[PDB]
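Please read the structure below before turning to the comments.
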Amino acid sequence: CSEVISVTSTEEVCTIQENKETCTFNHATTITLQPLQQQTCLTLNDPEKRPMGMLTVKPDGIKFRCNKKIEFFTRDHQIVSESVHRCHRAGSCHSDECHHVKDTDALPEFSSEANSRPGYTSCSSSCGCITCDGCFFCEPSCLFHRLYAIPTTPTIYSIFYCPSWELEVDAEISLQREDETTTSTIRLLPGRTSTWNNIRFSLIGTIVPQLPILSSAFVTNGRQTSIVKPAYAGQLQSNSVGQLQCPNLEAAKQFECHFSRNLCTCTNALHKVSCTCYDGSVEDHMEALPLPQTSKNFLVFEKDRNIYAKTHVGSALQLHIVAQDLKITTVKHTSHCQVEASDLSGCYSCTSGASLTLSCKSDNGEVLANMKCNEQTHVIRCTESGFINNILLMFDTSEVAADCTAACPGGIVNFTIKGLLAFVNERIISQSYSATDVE
Amino acid sequence: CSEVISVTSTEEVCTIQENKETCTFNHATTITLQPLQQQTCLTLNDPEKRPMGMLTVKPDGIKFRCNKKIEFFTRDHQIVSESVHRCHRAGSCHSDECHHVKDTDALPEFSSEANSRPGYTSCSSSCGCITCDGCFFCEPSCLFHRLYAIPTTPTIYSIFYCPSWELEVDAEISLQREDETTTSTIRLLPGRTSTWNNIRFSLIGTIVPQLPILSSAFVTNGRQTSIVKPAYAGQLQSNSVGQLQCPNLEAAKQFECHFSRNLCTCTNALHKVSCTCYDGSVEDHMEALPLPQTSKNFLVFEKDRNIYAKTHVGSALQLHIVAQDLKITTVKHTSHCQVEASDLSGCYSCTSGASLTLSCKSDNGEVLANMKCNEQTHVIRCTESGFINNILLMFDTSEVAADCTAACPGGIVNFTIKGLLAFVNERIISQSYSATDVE
Amino acid sequence: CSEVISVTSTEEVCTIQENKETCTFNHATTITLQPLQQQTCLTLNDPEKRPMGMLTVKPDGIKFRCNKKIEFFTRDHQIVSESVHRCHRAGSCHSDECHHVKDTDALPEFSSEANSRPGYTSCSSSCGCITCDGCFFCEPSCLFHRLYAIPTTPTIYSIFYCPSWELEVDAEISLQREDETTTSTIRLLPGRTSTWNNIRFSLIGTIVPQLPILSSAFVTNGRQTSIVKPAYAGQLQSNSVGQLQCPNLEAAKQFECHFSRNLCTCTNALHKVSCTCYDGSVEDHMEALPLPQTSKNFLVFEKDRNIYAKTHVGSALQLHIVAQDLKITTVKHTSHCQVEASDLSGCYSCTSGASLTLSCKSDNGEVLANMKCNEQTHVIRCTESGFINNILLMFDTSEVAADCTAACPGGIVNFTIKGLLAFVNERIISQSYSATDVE
Ligand SMILES: *[C@@H]1O[C@H](CO)[C@@H](O)[C@H](O)[C@H]1NC(C)=O
Ligand SMILES: *[C@@H]1O[C@H](CO)[C@@H](O)[C@H](O)[C@H]1NC(C)=O
Ligand SMILES: *[C@@H]1O[C@H](CO)[C@@H](O)[C@H](O)[C@H]1NC(C)=O
């Protein structure tokens, strides 16, 4: 098996029954486990029959459930322009009638059927003369201009942050007395002593690393999700998820959704005012950094519409087991180990890890190795046969060549890690898009 | 009483006095408490007189004090416009005199008494001809335009984030030997062994959940406060708290406070240039999400100008008690329980919790129940009589109907929870406001 | 020495060798240390020879390594303008040729050698008449306008956040049996039992405070660094680090770097269109809040291109030591203490702490003092001689005068702390800068 570190102590508990009291001696064992998909073994025994069956714990990690906050709905959108200009003393082009135009004024002046769709209106005044537009008097030309936004795809996008991530620890827990194997599954919570078959498990300690990726906009296209650069309700931060503000789901499907100016910077030409803006299709921002999103210490995955995020190595659960009328003793599994390296793969200085594949053999039950590169420090759990490991280190250069020294409970094993890593680009787009439909 | 989980161990400490040494045996007890406004009982005893008095601990939760960072002062503001236009060869409307106008140039051209108030100037050039404004020569008309900002209410608004929240644990701690009751109050800190009367308390462990709402703009209108979507010093992020940048308190009262363009998008008309902007009155953003602000795991409340934020259920303090020359033993309080449900209330997918009210009886000293709905998992502390509980679950749909199964140390108790939850809208306002005072 | 709080327990471990089993009794000791640059002593002994040598632990704190995410490159930049206007029926000033100008169109119309540098183009149309520009026909004057950006200094700026900060604990660990001193240095990790000479150290607990400054833009000018108000890839948030978006290092040196409009708000004059923008030189934002950046609970320092950040007081490591075939016992060091105060210094309500200097004497081996002001609570480790302490309290007013009561294991010591603190201003600049080079 593996090698954990433990403490054995005495627990004395007095139960209060109806007008009655019954005290109980016990033995209890606090074991400190780095979850790491280990195989943590234990041995039970009473004073009388020293063999009583082996116990096995396999923590699937330390996970955090999300507590959503649906903040911000949006849709694949395409912002378009429109304009219409008149001569003097015609339509609304007189003293102050075009000058008192309202922002949301749906004009009955060649505004197409899409007038209802959200947007903004504006009144400009260009030169008016017999060589400026072609009228007969030299009176300024009023220019009605209308921006709005169409959708593109019949879907909706739910943006949400996630405060108050809640702790949980699920463990595959098996027991082998003489012949059989129960291998139940348990859901431990930070103070709530669960009881699978006959033993009480409690989550006494958590040493999670401070990981501030847990506060960031998870976007959802129904079944699909991703992480994104934050955007906040009411600010219309351009060129990020949600330069369109749709508050309600029904407000999205019916498409009553506000956006802001400062996106499309219009410049006048007196015939076809040119408005250039960003062609925001959020699906891109999603594709920039989607889920699941593994990394060195954490990984953030959805499972039936709930964004769990767990950690493997940087943390160390601290568990407390009580065998009813027994006592527990761990098992230290001494064994050397051999290491088969590989070539690095992926990006350097990225939220993802510089990938690897370190096969390793144990000539014995699976044991743990505290791998130590130049700076970083990871762990692996290599066993008798094969058992590759993808471990996602975090170097920050292009060329990498270092002497990473694994260390199993036997003798350390030096080796070498080489590779050439490429830098990714998050993304970029400046204002180079425009589209107008004049009528 | 309740049921906590404990460890009893031996502590041997040798005190160094002046050229002297005195060692001491002891008994010590580490108990793991989910604060939850419990009533955690304990029983003291020496080898000689096994009754020595009961001890009672009632943790008020795990709280975080704030360490302010006053970043950003602002005021209820209303941005206004003004303009004045001239004919040719008059005032400053000649070769390049209007073209070299400075940004902060307080012009002596019909700029009212409010000229001193912050803002911006601009020089436009509209058509000039005998039908454009009414002058006699066909030379462009220079247009002086001035934006500025007035206050509305004689108050000030302090924006501040809060890094380095500090840990604290206050506990109501009572003792009952034979006749009386001391019920002191203690302030435990993460490593500093306090000593109330004759026993040493130390905060050995904290399992707080990762809660990234603790980094967000707390706004303060003196006695009142609230949480808000972040805004940063120097960016003038429109339509959020502080499109006005006031650095100093005295700089606010005297009102020397900068704001930026990109708020009011002006469009020319040669007589009354129309500038539309947001009517930012921060009191609104405050009313969007004020304090106190309870939720499922945490609540954030101010108490005498200090923003504490504590947690109840998601966490589990780990305490370490030492009775001087005694030993401690907990008490397990077996008792079944009955549950009286209620109807859900509030919002779904919101930082607030889907409210409930679960009365429950214990037929014995107050005990703990590990309530388990479909996904969520809360705890309650129901007792002999009445004792409602508001618990703020976190469902994420409109209709909700599930089989939540409470679980007391006796037998579990199935029941059903139904409700219809409504979605709230954070807020939204596009540029639909404008106000001008031409003279 | 100091006074720590401990637990002594029994550990029984059975090692599995090749087809062999060997069990081992032991003694183990879990000590709870607030790192605080203490001198935590310990005493070893077996049943036979009760003197076996003193042990000394000196934790350098609880530190967090950064796992970079290079997001955003930029450079000291200066944005400039340019323009050129023509008469009618000349160049590209006809029906719709200036009106179909592209955004990134490098025009062969007096666009200087710097045309290649990034920017934006625009076509305006001012009055055209015999008194508007001086042509002979009264046809509008097309105005070609070009914004771009030059660099200033031949350096590059790396912006990066830092998710998944990893835990580490380095400790100076010495031992003194009879004559000599080994004073090794150890690197403890959250679950990985290190072994310096003959004893196993493990990091069983961490009570770090929730500190949300650990998610903020660290900017780097090569050897220099600082903390800054966040900016995100693709949003071009004006007046903060990176209104220029340079994705790649090579893309910066060659200077192919995008920026956005909404910075320089141009206003037409038909000869010299005036464009005013912010003169962003990031070195300023760096100087606003540079590293190292000490505070009350944490400090964030770089050491060979790696941003460590450690904490001193608000936290309490929980360590677990095992002496091979011995047992450990702490030492309590009773001693009164004298305190020499000082005058406060620095800012109030700032991420930095209100500075102090509290000399203090111990008349014995260095001991610990739980200093308690009106609200705050710090700790110091004063010793026989001198030993100043800079402790960085966090008051939030200008005038401060309170009765801070130190408390050593002997009798408390009242004193008084006075001072006058000044408020700092983060920074501010509105649009008051412009520069044009017409040709
Ligand atoms: C492994 O590499 C380390 C470098 O840190 C070196 O100190 C050690 O001697 C090496 N072990 C070998 C070569 O067996
Ligand atoms: C309570 O509901 C659970 C569903 O999770 C079910 O398994 C159990 O049998 C129920 N108990 C009853 C009906 O007594
Ligand atoms: C020290 O000040 C405290 C105020 O909190 C007071 O209660 C105590 O009596 C003082 N001790 C003295 C004056 O010795």
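Each chain of the structure tokens is named A, B, ... in the order shown, its residues numbered from 1; ligands are numbered from 1 in display order.
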
Original post:
Any idea which chain C residues end up within 7 Å of chain B if we count only C-alpha atoms, as a PyMOL selection string please?
Top reply: chain C and resi 6-9+32-34+127+131-132+205+207+209-213+229+238-240+267-269+297+314-316+329-334+349-351+394+425-428+430+432

**OP:** Please identify which residues in segment 280-390 of chain A DSSP calls alpha helix (DSSP H) from the backbone, and express them as a list in words.
**Re:** residues 283, 284, 285, 286, 287 and 288 of chain A

Would you save the residues from that selection as a tab-separated table (two decimals), in the first residue's frame, using N, CA and C atoms?
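Output (again28.tsv):
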```
chain	number	residue	atom	x	y	z
A	283	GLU	N	-19.14	32.71	-28.23
A	283	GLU	CA	-18.60	31.37	-28.43
A	283	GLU	C	-17.09	31.41	-28.56
A	284	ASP	N	-16.55	32.50	-29.10
A	284	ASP	CA	-15.11	32.65	-29.19
A	284	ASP	C	-14.48	32.72	-27.81
A	285	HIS	N	-14.94	33.66	-26.99
A	285	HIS	CA	-14.41	33.78	-25.63
A	285	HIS	C	-14.51	32.46	-24.90
A	286	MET	N	-15.58	31.71	-25.14
A	286	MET	CA	-15.69	30.38	-24.56
A	286	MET	C	-14.56	29.48	-25.05
A	287	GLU	N	-14.36	29.44	-26.36
A	287	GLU	CA	-13.31	28.59	-26.93
A	287	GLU	C	-11.93	29.01	-26.47
A	288	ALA	N	-11.78	30.21	-25.91
A	288	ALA	CA	-10.47	30.64	-25.46
A	288	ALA	C	-9.97	29.79	-24.30
```

**OP:** May I have the residues within 9 Å of ligand 1, computed using only C-alpha atoms and all ligand atoms, as a VMD selection string?
**Re:** chain A and resid 372 to 374 403 to 405 412 to 415

Just write the chosen residues, C-alpha atoms, as a compact mmCIF listing (two decimals), in the first residue's frame.
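Ended up saving to part21.txt:
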```txt
# COMPACT_ATOMS: atom_id res chain seq x y z
CA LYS A 372 11.31 17.54 -6.92
CA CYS A 373 12.35 19.53 -9.97
CA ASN A 374 14.50 22.66 -9.82
CA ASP A 403 17.45 17.46 -13.15
CA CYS A 404 14.18 16.43 -11.54
CA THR A 405 14.85 13.99 -8.70
CA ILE A 412 15.94 8.72 -4.57
CA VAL A 413 16.14 8.40 -8.35
CA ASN A 414 17.70 11.15 -10.42
CA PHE A 415 16.68 11.72 -14.01
```

**OP:** Can you pull out every residue within 7 Å of residue 309 of chain C, counting only C-alpha atoms, but drop anything in the same chain fewer than 4 positions away, and send it as a list in words?
**Re:** residues 63, 64, 65, 298, 299, 300 and 301 of chain C

Which parts of segment 55-292 of chain C does DSSP call strand (DSSP E) when run on the backbone here, written out as a short mmCIF file (atom, residue, chain, number, x, y, z; two decimals) with N, CA and C atoms, in the first residue's frame?
```
data_model
loop_
_atom_site.label_atom_id
_atom_site.label_comp_id
_atom_site.auth_asym_id
_atom_site.auth_seq_id
_atom_site.Cartn_x
_atom_site.Cartn_y
_atom_site.Cartn_z
N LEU C 55 16.24 20.66 20.82
CA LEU C 55 15.85 20.84 19.43
C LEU C 55 15.28 22.24 19.29
N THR C 56 15.49 22.85 18.14
CA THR C 56 15.08 24.23 17.94
C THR C 56 14.49 24.37 16.55
N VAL C 57 13.33 25.00 16.48
CA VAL C 57 12.63 25.24 15.23
C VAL C 57 12.39 26.74 15.12
N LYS C 58 12.66 27.28 13.94
CA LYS C 58 12.51 28.71 13.67
C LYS C 58 11.84 28.82 12.31
N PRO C 59 10.52 28.84 12.28
CA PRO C 59 9.81 28.95 11.00
C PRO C 59 9.91 30.36 10.44
N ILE C 62 4.80 31.25 6.72
CA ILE C 62 4.00 30.43 5.82
C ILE C 62 3.96 31.17 4.50
N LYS C 63 4.55 30.59 3.46
CA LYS C 63 4.71 31.29 2.20
C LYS C 63 3.91 30.61 1.10
N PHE C 64 3.58 31.41 0.10
CA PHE C 64 2.83 30.99 -1.06
C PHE C 64 3.66 31.31 -2.29
N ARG C 65 4.01 30.28 -3.04
CA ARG C 65 4.64 30.48 -4.34
C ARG C 65 3.58 30.80 -5.38
N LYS C 69 0.71 33.49 -14.79
CA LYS C 69 -0.08 33.40 -16.01
C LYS C 69 0.22 34.67 -16.80
N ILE C 70 1.21 34.58 -17.68
CA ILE C 70 1.57 35.74 -18.49
C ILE C 70 0.42 36.01 -19.44
N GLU C 71 -0.25 37.13 -19.24
CA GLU C 71 -1.49 37.42 -19.94
C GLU C 71 -1.37 38.52 -20.97
N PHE C 72 -0.47 39.47 -20.75
CA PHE C 72 -0.67 40.81 -21.29
C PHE C 72 0.67 41.53 -21.28
N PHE C 73 1.23 41.79 -22.46
CA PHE C 73 2.46 42.56 -22.56
C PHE C 73 2.14 43.97 -23.01
N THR C 74 2.95 44.92 -22.55
CA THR C 74 2.75 46.31 -22.93
C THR C 74 4.09 47.03 -22.86
N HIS C 77 4.21 53.93 -23.58
CA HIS C 77 3.65 54.34 -24.85
C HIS C 77 3.21 55.80 -24.79
N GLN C 78 3.16 56.41 -25.96
CA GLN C 78 2.69 57.78 -26.12
C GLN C 78 1.87 57.80 -27.40
N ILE C 79 0.59 58.10 -27.28
CA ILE C 79 -0.31 58.06 -28.41
C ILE C 79 -0.32 59.43 -29.07
N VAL C 80 -0.20 59.44 -30.39
CA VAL C 80 -0.15 60.69 -31.14
C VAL C 80 -1.19 60.69 -32.25
N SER C 81 -1.39 61.87 -32.82
CA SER C 81 -2.42 62.13 -33.81
C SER C 81 -1.77 62.63 -35.09
N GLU C 82 -2.59 62.71 -36.13
CA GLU C 82 -2.16 63.28 -37.39
C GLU C 82 -3.39 63.46 -38.26
N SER C 83 -3.31 64.40 -39.19
CA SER C 83 -4.46 64.70 -40.02
C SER C 83 -3.99 65.39 -41.29
N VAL C 84 -4.86 65.35 -42.29
CA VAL C 84 -4.61 66.03 -43.56
C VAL C 84 -5.95 66.21 -44.25
N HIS C 85 -6.20 67.41 -44.77
CA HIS C 85 -7.46 67.72 -45.41
C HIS C 85 -7.20 68.29 -46.80
N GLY C 119 -2.81 51.74 -35.14
CA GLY C 119 -3.66 52.90 -34.95
C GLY C 119 -4.99 52.74 -35.65
N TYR C 120 -5.55 53.88 -36.05
CA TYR C 120 -6.87 53.91 -36.66
C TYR C 120 -6.99 55.10 -37.60
N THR C 121 -7.81 54.93 -38.64
CA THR C 121 -8.07 55.95 -39.63
C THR C 121 -9.52 56.39 -39.56
N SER C 122 -9.79 57.56 -40.13
CA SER C 122 -11.14 58.10 -40.11
C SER C 122 -11.29 59.16 -41.19
N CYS C 123 -12.51 59.28 -41.70
CA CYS C 123 -12.86 60.25 -42.73
C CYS C 123 -13.97 61.14 -42.19
N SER C 124 -13.66 62.42 -41.99
CA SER C 124 -14.65 63.41 -41.62
C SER C 124 -14.97 64.29 -42.82
N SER C 125 -16.04 65.07 -42.70
CA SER C 125 -16.49 65.95 -43.78
C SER C 125 -16.93 67.27 -43.16
N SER C 126 -16.07 68.28 -43.25
CA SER C 126 -16.40 69.60 -42.75
C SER C 126 -16.96 70.47 -43.87
N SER C 141 -15.38 69.53 -47.41
CA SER C 141 -13.97 69.22 -47.32
C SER C 141 -13.79 67.90 -46.59
N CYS C 142 -13.24 66.91 -47.28
CA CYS C 142 -12.92 65.64 -46.65
C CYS C 142 -11.66 65.78 -45.81
N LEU C 143 -11.66 65.12 -44.66
CA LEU C 143 -10.60 65.24 -43.68
C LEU C 143 -10.15 63.83 -43.31
N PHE C 144 -8.95 63.46 -43.76
CA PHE C 144 -8.36 62.19 -43.38
C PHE C 144 -7.66 62.38 -42.04
N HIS C 145 -7.93 61.47 -41.10
CA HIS C 145 -7.39 61.58 -39.76
C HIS C 145 -6.85 60.23 -39.33
N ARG C 146 -5.69 60.25 -38.68
CA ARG C 146 -4.97 59.03 -38.33
C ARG C 146 -4.42 59.16 -36.93
N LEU C 147 -4.81 58.24 -36.06
CA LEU C 147 -4.23 58.10 -34.74
C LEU C 147 -3.29 56.91 -34.73
N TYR C 148 -2.19 57.03 -33.99
CA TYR C 148 -1.33 55.88 -33.77
C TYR C 148 -0.59 56.06 -32.45
N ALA C 149 0.35 55.16 -32.19
CA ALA C 149 1.02 55.11 -30.90
C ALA C 149 2.49 54.83 -31.10
N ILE C 150 3.34 55.64 -30.48
CA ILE C 150 4.77 55.42 -30.50
C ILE C 150 5.18 54.83 -29.16
N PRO C 151 6.29 54.12 -29.10
CA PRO C 151 6.89 53.78 -27.81
C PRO C 151 7.76 54.93 -27.31
N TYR C 157 6.90 45.36 -20.58
CA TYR C 157 6.19 45.22 -19.33
C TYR C 157 5.31 43.99 -19.38
N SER C 158 5.51 43.09 -18.42
CA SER C 158 4.78 41.84 -18.34
C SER C 158 3.73 41.96 -17.24
N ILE C 159 2.48 41.91 -17.61
CA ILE C 159 1.38 41.88 -16.67
C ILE C 159 1.00 40.44 -16.42
N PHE C 160 0.69 40.10 -15.18
CA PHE C 160 0.23 38.75 -14.94
C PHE C 160 -0.48 38.67 -13.61
N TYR C 161 -1.57 37.91 -13.59
CA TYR C 161 -2.23 37.54 -12.36
C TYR C 161 -1.53 36.30 -11.82
N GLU C 166 0.68 28.20 -4.35
CA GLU C 166 1.01 26.92 -3.74
C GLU C 166 1.63 27.13 -2.37
N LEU C 167 1.31 26.21 -1.46
CA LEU C 167 1.72 26.32 -0.07
C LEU C 167 3.16 25.85 0.10
N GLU C 168 3.90 26.52 0.98
CA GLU C 168 5.21 26.05 1.39
C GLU C 168 5.55 26.64 2.75
N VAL C 169 6.41 25.94 3.48
CA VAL C 169 6.86 26.39 4.79
C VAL C 169 8.33 26.06 4.95
N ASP C 170 9.18 27.07 4.95
CA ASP C 170 10.60 26.87 5.16
C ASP C 170 10.96 27.19 6.60
N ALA C 171 11.75 26.32 7.21
CA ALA C 171 12.09 26.45 8.62
C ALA C 171 13.57 26.24 8.84
N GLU C 172 14.19 27.15 9.59
CA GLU C 172 15.55 26.96 10.07
C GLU C 172 15.51 26.09 11.31
N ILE C 173 16.12 24.91 11.23
CA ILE C 173 15.92 23.87 12.23
C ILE C 173 17.28 23.44 12.74
N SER C 174 17.53 23.68 14.02
CA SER C 174 18.82 23.41 14.64
C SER C 174 18.66 22.39 15.76
N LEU C 175 19.78 21.80 16.15
CA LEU C 175 19.80 20.80 17.19
C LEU C 175 21.10 20.91 17.96
N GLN C 176 21.03 20.73 19.28
CA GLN C 176 22.16 20.96 20.17
C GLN C 176 22.17 19.86 21.23
N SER C 184 20.31 23.04 10.15
CA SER C 184 19.92 22.83 8.77
C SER C 184 18.72 23.70 8.42
N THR C 185 18.28 23.58 7.18
CA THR C 185 17.12 24.31 6.67
C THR C 185 16.22 23.33 5.93
N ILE C 186 14.92 23.41 6.20
CA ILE C 186 13.98 22.41 5.72
C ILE C 186 12.83 23.09 4.99
N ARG C 187 12.29 22.38 4.00
CA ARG C 187 11.20 22.84 3.16
C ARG C 187 10.03 21.89 3.34
N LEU C 188 9.13 22.23 4.25
CA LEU C 188 7.93 21.47 4.52
C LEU C 188 6.83 21.82 3.54
N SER C 194 8.98 15.40 5.38
CA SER C 194 10.41 15.52 5.15
C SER C 194 11.17 14.91 6.31
N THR C 195 12.46 14.70 6.08
CA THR C 195 13.34 14.07 7.06
C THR C 195 14.70 14.75 6.97
N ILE C 199 14.55 12.91 12.10
CA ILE C 199 13.20 13.16 12.60
C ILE C 199 12.32 13.59 11.44
N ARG C 200 11.05 13.22 11.53
CA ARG C 200 10.08 13.39 10.45
C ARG C 200 9.20 14.58 10.78
N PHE C 201 9.20 15.57 9.90
CA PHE C 201 8.36 16.76 10.04
C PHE C 201 7.25 16.71 9.01
N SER C 202 6.04 17.05 9.43
CA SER C 202 4.89 17.08 8.55
C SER C 202 3.99 18.26 8.87
N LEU C 203 3.45 18.87 7.82
CA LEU C 203 2.59 20.05 7.93
C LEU C 203 1.14 19.58 8.04
N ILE C 204 0.68 19.44 9.28
CA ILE C 204 -0.64 18.89 9.53
C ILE C 204 -1.73 19.95 9.42
N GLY C 205 -1.42 21.21 9.68
CA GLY C 205 -2.46 22.22 9.68
C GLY C 205 -1.99 23.59 9.29
N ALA C 217 -3.10 42.07 -10.32
CA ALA C 217 -2.13 42.16 -11.40
C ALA C 217 -0.76 42.52 -10.85
N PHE C 218 0.15 41.55 -10.86
CA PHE C 218 1.56 41.85 -10.67
C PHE C 218 2.14 42.27 -12.02
N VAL C 219 2.66 43.47 -12.08
CA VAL C 219 3.36 43.96 -13.25
C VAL C 219 4.85 43.83 -13.01
N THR C 220 5.58 43.57 -14.09
CA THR C 220 7.01 43.36 -14.04
C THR C 220 7.69 44.14 -15.15
N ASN C 221 8.58 45.03 -14.76
CA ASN C 221 9.58 45.60 -15.65
C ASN C 221 10.92 44.90 -15.43
N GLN C 224 12.17 44.68 -11.90
CA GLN C 224 11.30 45.40 -10.98
C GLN C 224 9.88 44.87 -11.11
N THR C 225 9.10 45.02 -10.04
CA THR C 225 7.71 44.58 -10.06
C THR C 225 6.86 45.48 -9.18
N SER C 226 5.56 45.24 -9.23
CA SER C 226 4.61 46.00 -8.42
C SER C 226 3.24 45.36 -8.56
N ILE C 227 2.32 45.82 -7.72
CA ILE C 227 0.92 45.42 -7.76
C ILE C 227 0.12 46.55 -8.36
N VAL C 228 -0.95 46.21 -9.07
CA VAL C 228 -1.69 47.20 -9.84
C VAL C 228 -3.16 46.85 -9.88
N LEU C 244 -2.75 49.40 -24.05
CA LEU C 244 -2.13 48.76 -25.21
C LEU C 244 -2.10 47.26 -24.96
N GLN C 245 -2.48 46.49 -25.97
CA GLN C 245 -2.54 45.04 -25.87
C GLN C 245 -1.43 44.46 -26.74
N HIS C 258 -1.80 46.19 -30.32
CA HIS C 258 -3.08 46.86 -30.54
C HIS C 258 -3.46 47.71 -29.35
N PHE C 259 -4.07 48.85 -29.63
CA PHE C 259 -4.78 49.64 -28.63
C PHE C 259 -6.13 50.01 -29.21
N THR C 265 -10.15 61.29 -27.46
CA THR C 265 -11.42 61.77 -27.97
C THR C 265 -11.14 62.95 -28.90
N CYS C 266 -11.24 62.71 -30.20
CA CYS C 266 -10.95 63.74 -31.18
C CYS C 266 -12.16 64.65 -31.36
N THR C 267 -11.87 65.92 -31.62
CA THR C 267 -12.88 66.91 -31.92
C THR C 267 -12.40 67.75 -33.09
N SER C 274 -8.33 68.12 -32.85
CA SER C 274 -7.67 68.03 -31.56
C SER C 274 -8.08 66.73 -30.88
N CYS C 275 -7.11 65.86 -30.63
CA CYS C 275 -7.34 64.57 -30.01
C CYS C 275 -6.62 64.55 -28.67
N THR C 276 -7.38 64.42 -27.59
CA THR C 276 -6.85 64.41 -26.24
C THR C 276 -7.00 63.03 -25.63
N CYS C 277 -5.92 62.53 -25.04
CA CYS C 277 -5.90 61.20 -24.44
C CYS C 277 -4.99 61.22 -23.22
#
```

**OP:** Write out as a ChimeraX atom specification which residues come within 8 Å of residue 353 of chain C when counting only C-alpha atoms, dropping same-chain ones fewer than 2 positions away.
**Re:** /C:294-296,346-348,350-351,355,391-394

Those same residues - N, CA, C and O atoms - I'd like them written as a CSV table (one decimal), in the first residue's frame.
```csv
chain,number,residue,atom,x,y,z
C,294,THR,N,4.9,45.3,2.3
C,294,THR,CA,4.5,44.7,3.6
C,294,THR,C,3.2,45.2,4.1
C,294,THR,O,2.7,46.3,3.7
C,295,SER,N,2.6,44.5,5.0
C,295,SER,CA,1.3,44.9,5.6
C,295,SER,C,1.2,44.2,7.0
C,295,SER,O,2.2,43.6,7.5
C,296,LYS,N,0.0,44.2,7.5
C,296,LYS,CA,-0.2,43.7,8.9
C,296,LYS,C,0.0,42.2,9.0
C,296,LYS,O,0.7,41.7,9.9
C,346,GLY,N,3.1,56.7,9.2
C,346,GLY,CA,2.6,56.2,7.9
C,346,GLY,C,1.1,56.6,7.7
C,346,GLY,O,0.7,57.6,8.1
C,347,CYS,N,0.4,55.7,6.9
C,347,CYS,CA,-0.9,56.0,6.5
C,347,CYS,C,-2.0,55.2,7.2
C,347,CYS,O,-1.7,54.2,7.8
C,348,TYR,N,-3.2,55.8,7.3
C,348,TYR,CA,-4.3,55.1,7.9
C,348,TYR,C,-5.3,54.8,6.8
C,348,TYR,O,-5.5,55.5,5.8
C,350,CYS,N,-5.0,52.1,4.7
C,350,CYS,CA,-4.1,51.8,3.5
C,350,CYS,C,-3.7,50.3,3.6
C,350,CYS,O,-3.6,49.7,4.7
C,351,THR,N,-3.4,49.7,2.4
C,351,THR,CA,-2.9,48.4,2.4
C,351,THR,C,-1.7,48.2,3.2
C,351,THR,O,-1.4,47.1,3.7
C,355,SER,N,2.8,52.3,11.0
C,355,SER,CA,4.0,51.7,11.5
C,355,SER,C,4.2,52.0,12.9
C,355,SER,O,3.6,53.0,13.5
C,391,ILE,N,5.6,46.6,13.5
C,391,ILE,CA,4.4,45.7,13.6
C,391,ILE,C,3.2,46.2,12.7
C,391,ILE,O,2.3,45.4,12.5
C,392,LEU,N,3.2,47.4,12.3
C,392,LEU,CA,2.2,47.8,11.2
C,392,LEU,C,0.8,47.5,11.5
C,392,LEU,O,0.1,46.7,11.0
C,393,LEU,N,0.3,48.3,12.5
C,393,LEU,CA,-1.1,48.2,12.9
C,393,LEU,C,-2.0,48.9,11.8
C,393,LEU,O,-1.5,49.5,10.8
C,394,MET,N,-3.3,48.9,12.0
C,394,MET,CA,-4.3,49.2,10.9
C,394,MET,C,-5.4,50.1,11.4
C,394,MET,O,-6.6,49.8,11.2
```

Subject >> Who sits within 12 Å of residue 399 of chain A, only C-alpha atoms, same chain under 2 positions skipped, as a ChimeraX atom specification >> reply: /A:343-348,354,395-397,401-402,417-423

Original post:
For residue 279 of chain A, which residue among A:47, A:292, A:242, A:134 is the nearest when counting only C-alpha atoms?
Top reply: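 The answer is A:242, which sits nearest to residue 279 of chain A.
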
Original post:
Which distance in Å separates atom CA of residue 4 of chain B and atom CA of residue 53 of chain B, to one decimal?
Top reply: 18.6 Å
